[PDB]
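A short write-up of the structure that comes next.
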Amino acid sequence: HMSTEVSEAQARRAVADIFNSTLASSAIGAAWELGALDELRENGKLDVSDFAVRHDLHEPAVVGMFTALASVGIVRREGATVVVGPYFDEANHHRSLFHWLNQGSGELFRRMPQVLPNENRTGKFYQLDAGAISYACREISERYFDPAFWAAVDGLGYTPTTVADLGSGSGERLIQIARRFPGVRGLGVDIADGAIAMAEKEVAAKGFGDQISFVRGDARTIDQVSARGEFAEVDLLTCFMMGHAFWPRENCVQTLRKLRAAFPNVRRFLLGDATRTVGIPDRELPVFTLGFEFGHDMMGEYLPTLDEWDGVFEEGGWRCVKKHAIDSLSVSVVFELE
Amino acid sequence: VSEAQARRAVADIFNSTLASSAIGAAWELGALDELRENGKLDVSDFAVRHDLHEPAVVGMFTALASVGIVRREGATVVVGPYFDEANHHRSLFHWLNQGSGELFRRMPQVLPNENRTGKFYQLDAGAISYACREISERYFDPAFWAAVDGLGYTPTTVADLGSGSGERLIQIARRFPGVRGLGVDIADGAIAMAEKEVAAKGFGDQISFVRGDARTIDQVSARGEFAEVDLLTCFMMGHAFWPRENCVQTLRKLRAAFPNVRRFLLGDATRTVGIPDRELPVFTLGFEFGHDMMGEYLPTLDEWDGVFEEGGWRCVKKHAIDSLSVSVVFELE
Ligand SMILES: Nc1ncnc2c1ncn2[C@@H]1O[C@H](CSCC[C@H](N)C(=O)O)[C@@H](O)[C@H]1O
Ligand SMILES: Nc1ncnc2c1ncn2[C@@H]1O[C@H](CSCC[C@H](N)C(=O)O)[C@@H](O)[C@H]1O
Ligand SMILES: O=C(O)[C@@H](O)[C@H](O)c1ccccc1
Ligand SMILES: O=C(O)[C@@H](O)[C@H](O)c1ccccc1
Ligand SMILES: O=C(O)[C@H](O)Cc1ccccc1
Ligand SMILES: O=C(O)[C@H](O)Cc1ccccc1
Ligand SMILES: [Ca+2]
Ligand SMILES: [Ca+2]
Ligand SMILES: [Ca+2]
Ligand SMILES: [Ca+2]
Ligand SMILES: [Fe+3]
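Chains as they are written, first to last, in PDB author numbering: chain B, 0 to 337; chain A, 5 to 337.
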């Protein structure tokens, strides 16, 4: 029961499940993106031809997708219908982690044997699908970081007037703050013009054109940023799912110091990220963990543990006054700093 | 059923994705063979010898460990309870991930009818070739050689369709000295590979290669050598002759292009029918699903049994294959 030694028939079944999990795993992401996981969540079942027709999909491949999900118990096939399976709720809950792993990071993991050799580790030595990462990170943010984020907003003690968001992405965080604090002004800062664009768009659509603005920027050197005339007035800083990019340490320490000086009227800084775990046994790794850590190690990108964050704030010029543990995203955390 | 049980199963599915990809890697990088011989290895020592980035190598092995293929004990890796089974099928994992990963990854863009024109999917052909060499050897060789052992004649000229690396023709030359060999492959890369391998081993006089599409074998020129062939072989590509009406015509063209062929050995994997979803063996789902995504017909065994006579051939022997979905070698004449 998880740590054993086995029959030939058992080893056969297990290896086959590894193989099929691979296709299932890729199908969870795709089934989310194509609208099937929603239809099933709402209705508990669906008709595959009907689905393939309504969405104008090559139907043999659609059968293949459901059969892959059925092979490991996420769904159950019955004649022409697919019904939710025993593992539906949990796989649907984590679907964006599957999307992230496959649709987003698949190239990296597939090219494992070209990535690992030193001779190869320079220049553009791996490729991520940026638009798929985005798509997934949008739901990861909402689904995993929202409770703690909102709790931290609730503990602010004050009402912000001007909020800065580092790595703003979709701009959805700034928009929901806008909804929460009528008459606040918001300022996103991403490194990706693609994200800038989608945000300006997503904002205009919601009618927060006057409230919210963005800017191409590298938050690790916030000082060398055209637009730092609006920073002085900001009283709330946020930074979610990008913080590990401040690292390695002395760069994080400097970035934190630069951030302290650049935003001297910031009262609260809210910083959320996933972190590198320690000492979890191989056969008990939960969803996400392995992918996040291994991927970062393949890319050569540093990932701090939680103690590495805790031990850096003072030197960086900030005090941690509240900490929230995140549910179900490896070991992830929100810090409330001042 | 049980929230604890569902969490575990879903985490195993997620980690399985990373282990699957790592099997193919462990194989290609030399780790599986080192664990096969010694039953253990040292990650630091391993990483040093092969000039690998050590943290990525740790992760590679942790992925394997997460699903019981290996066990980690400090900086040292031991064979796990599922090591023999997975090492045995390693080439199928390589095919699925290193070879075909980009197809499955792009399922949301591949399924929509609207995108299904032109070059709508990509495979890594070099990766595929690499896996197919072992798949050929490991799953097909025994039936291949039982068919050779039982031909009822010694061949003088053999042609191999989809000759690939040329390895089949080389082994036939080793068994049958002074047999003449001829490989047909549609890919310039396979031809050049095979040509190098053949000349390198000293088989330059005996075996040649010609680029061509076996589906239209009637248009391939080989300076009248096809008339001389008395044994024909075709492994792991036959499903490409389908759909049905296409296959009939292709089989009739092979019959005309090779009029002195006595036996035609045809080995392939086939589409299965009625396997319950939770009991699907290794390979099956990936073969079937990937061809349905690529828009390529995959026949069942019965479909094949039923096309041969219309195709101008008579099936005289049939060998069931071990442990590659439902695979087969037909001997036709
Ligand atoms: N050094 C840097 N400076 C600014 N943005 C960065 C960055 N490193 C990464 N990013 C951005 O950080 C984002 C990661 S996704 C985070 C999305 C957002 N915080 C949310 O919770 O919804 C991407 O938009 C990426 O371009
Ligand atoms: N229509 C066709 N005509 C000729 N060769 C083909 C083909 N379709 C695929 N192939 C070739 O068939 C090979 C499939 S891999 C098969 C390898 C070989 N028969 C063996 O047993 O090892 C590839 O080299 C590919 O280029
Ligand atoms: O390391 C990253 O930045 C990406 O992997 C991705 O944007 C992400 C960040 C944080 C949590 C989850 C995903
Ligand atoms: O279908 C193909 O041609 C490939 O998927 C692969 O070469 C293969 C064929 C037959 C059996 C096993 C693998
Ligand atoms: O030192 C720590 O563990 C956290 O970074 C922050 C913290 C410290 C004290 C009280 C609350 C939070
Ligand atoms: O019908 C079949 O089984 C196969 O096509 C081949 C076969 C038939 C009869 C005797 C031997 C082989
Ligand atoms: Ca089931
Ligand atoms: Ca050792
Ligand atoms: Ca031709
Ligand atoms: Ca089995
Ligand atoms: Fe094929």
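Backbone N, C-alpha and C fix where the C-beta goes; we use that ideal spot for every residue, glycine too.
Under 9 Å (Cβ pairs) to chain B, residues found in the stretch 237-254 of chain A: none
Cut-off 7 Å between Cβ atoms - residues of its own chain near residue 305(B), not counting five sequence neighbours on either side: 274, 330 and 332
Near-chain A residues of the stretch 11-27 of chain B (beta-carbon distance less than 9 Å), N- to C-terminal order: 11, 12, 13, 14, 15, 16, 17, 18, 19, 20, 21, 22, 23, 24, 25, 26 and 27
Residue 158(A) classed as buried or exposed, judged by whether at least 16 other C-beta atoms fall within 10 angstroms: exposed
Residue 78(A) versus residue 308(B) - alpha carbon distance: Between the alpha carbons of residue 78(A) and residue 308(B) lies a distance of about 26 Å.
Member of 132(A), 109(A) and 248(A) whose CA lies at the smallest distance from the CA of residue 124(A): 109(A)
8 Å Cβ cutoff, residue 42(A) in contact with chain B: no
Ligand 9 heavy atom lying under 7 Å from the CB of residue 294(B): Checking the Cβ of residue 294(B) against ligand 9 gives no.
Span of the alpha helix (DSSP H), counted from its first residue to its last, around residue 70(B): It is not in any alpha helix (DSSP H) - residue 70(B) carries neither H nor E in the DSSP assignment.
Identified DSSP bridge partners for residue 275(A): 304(A)
Beta-carbon separation (whole angstroms), residue 187(B) vs residue 170(B), contact threshold 8 Å: Right, the Cβ-Cβ distance comes to about 5 Å (below 8 Å), so this counts as a contact.
Where residue 176(A) falls: helix, strand or coil (DSSP): helix
Below 7 Å from a heavy atom of ligand 10 - residues by beta-carbon: For ligand 10, residues qualifying as neighbours are 11(B), 12(B), 15(B), 283(A), 285(A) and 286(A), where qualification means a beta carbon closer than 7 Å to at least one of its heavy atoms (chain order).
Endpoints, beta strand (DSSP E) assigned at residue 216(A): From DSSP, residue 216(A) is part of no beta strand (DSSP E); its letter is neither H nor E.
Inter-residue spacing [alpha-carbon to alpha-carbon] between residue 42(B) and residue 82(B): 9 Å
Bridge partner(s) assigned by DSSP for residue 238(B): 165(B) and 270(B)
Inter-residue Cα distance where the pair is residue 10(A) and residue 26(B): Between residue 10(A) and residue 26(B), the C-alpha separation is close to 18 Å.
Cβ pair residue 271(A), residue 144(A) closer than 8 Å: yes
Residue 323(B), DSSP secondary structure in three states: The three-state secondary structure of residue 323(B), taken from DSSP, is strand.
Within 7 Å of chain A by C-beta, residues of the stretch 122-133 of chain B in sequence order: none
For residue 200(A), three-class secondary structure by DSSP: DSSP, read as helix, strand or coil, puts residue 200(A) in helix.
Identity of the residues DSSP links to residue 116(A) by a beta bridge: 56(B)
8 Å contact criterion, which residue 161(B) and residue 222(B) should meet: CB distance rounded: The Cβ separation is near 19 Å, so there is no contact.
Best match in 318(B), 251(B), 138(B) and 129(B) for proximity to residue 301(B) [C-alpha to C-alpha]: 251(B)
Neighbouring residues, chain B, relative to residue 320(A) (Cβ below 7 Å): Under the 7 Å cutoff, chain B gives no residues; its nearest Cβ is about 33 Å from residue 320(A).
Residue nearest to residue 231(B) in terms of C-alpha spacing, selected from 120(B), 262(B) and 193(B): 262(B)
Beta bridge counterpart(s) of residue 184(B) as assigned by DSSP: 161(B)
Closer than 8 Å at the beta carbon, the chain A residues around residue 64(B): 111, 115 and 293
Extent of the continuous beta strand (DSSP E) run through residue 46(A): Residue 46(A): member of the beta strand (DSSP E) spanning 44-46, first to last residue.
Collapsed DSSP secondary structure at residue 77(A) in the structure displayed: strand
Beta bridge counterpart(s) of residue 336(A) as assigned by DSSP: 268(A) and 319(A)
Residues, ordered as in the chain, of the stretch 274-291 of chain A that lie near chain B by beta-carbon distance below 8 Å: 281, 282, 284, 285, 286, 287, 289 and 290
Residues passing the C-beta test against ligand 2 heavy atoms, cut-off 5 Å: 136(A), 140(A), 166(A), 168(A), 189(A), 190(A), 191(A), 194(A), 217(A), 218(A), 219(A), 239(A), 240(A), 241(A) and 244(A)
Nearest candidate by alpha-carbon position, reference residue 193(A), set 327(A), 245(A), 238(A) and 132(A): The shortest C-alpha separation from residue 193(A) is found at 132(A).
8 Å Cβ cutoff met for residue 293(B) and residue 328(B): no
Where residue 70(B) meets chain A, residues with beta-carbon distance less than 8 Å: 281, 282, 284 and 289
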